[PDB]
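Beneath this line is the structure, given in structure tokens, with notes to follow.
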Amino acid sequence: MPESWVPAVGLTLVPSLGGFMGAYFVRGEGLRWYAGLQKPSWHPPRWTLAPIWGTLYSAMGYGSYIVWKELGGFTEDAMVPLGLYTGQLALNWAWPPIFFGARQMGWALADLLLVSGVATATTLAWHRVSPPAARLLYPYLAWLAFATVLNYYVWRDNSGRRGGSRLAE
Ligand SMILES: CC[C@@H](C)N(C)C(=O)c1cc2ccccc2c(-c2ccccc2Cl)n1
């Protein structure tokens, strides 16, 4: 009978499966690919970075607690946000199934997916009822820009600043 919010805890652990198995692809396939193309793979390995969910998890637990504490603890009213968030995030953020497309520049689907999944879902789910929590998450945008910018960098790395001549003589 955990003292902390059982819902927020488990539901917050859910993204741990999609985020773990998700990035698990770049964990090895990424470290290697870097040997071929130029990638910012120099950033601390998922070992030190992956803790992204650890920090956001702490803030999450806090926000959640507030949301439910407002509408009145965890009730049928809290099941709509928490749930709609778990379900929407599951099928929507479920980006690990793109392993097949992870070998293509489309690999960006990861960032775009998880970014809009937790962000969008939390906007209509949590921020919709409790605006204060949204502030505890606010510092999560940096993370969104982290992955998002990552992919953007790769693209411009192998293909950027285009506009030259052809053959001519
Ligand atoms: C490529 C280096 C990755 C492992 N890195 C240091 C990250 O911080 C990171 C963590 C993640 C955690 C969960 C899901 C994705 C990521 C992505 C990432 C960013 C853009 C595209 C694909 C991926 Cl796995 N990147």
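Determined via solution NMR.
Any Cβ shown, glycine's included, is placed from N, Cα and C.
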Recorded membrane side (Swiss-Prot) equal for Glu3 and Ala78: yes
Residue numbers, six or more beyond the limits of the transmembrane segment (106-126), whose CB comes under 8 Å of its CB atoms: 15, 18-19, 22-23, 26, 63-64, 67, 80-82, 84-85, 88-89, 92-95, 98, 133-134, 137, 140, 144, 147-148, 150-152, 154-155
Counts of helix, strand and coil residues, the topological domain 'Mitochondrial intermembrane' (1-5), according to DSSP: 0 helix, 0 strand, 5 coil
Close approaches to the transmembrane segment (47-67) from elsewhere in its chain (Cβ under 8 angstroms; 6 or more beyond its ends): 4-5, 7-9, 11-12, 15-16, 19-20, 23, 78, 81-82, 126, 129-130, 132-134, 136-137, 139-140, 143, 146
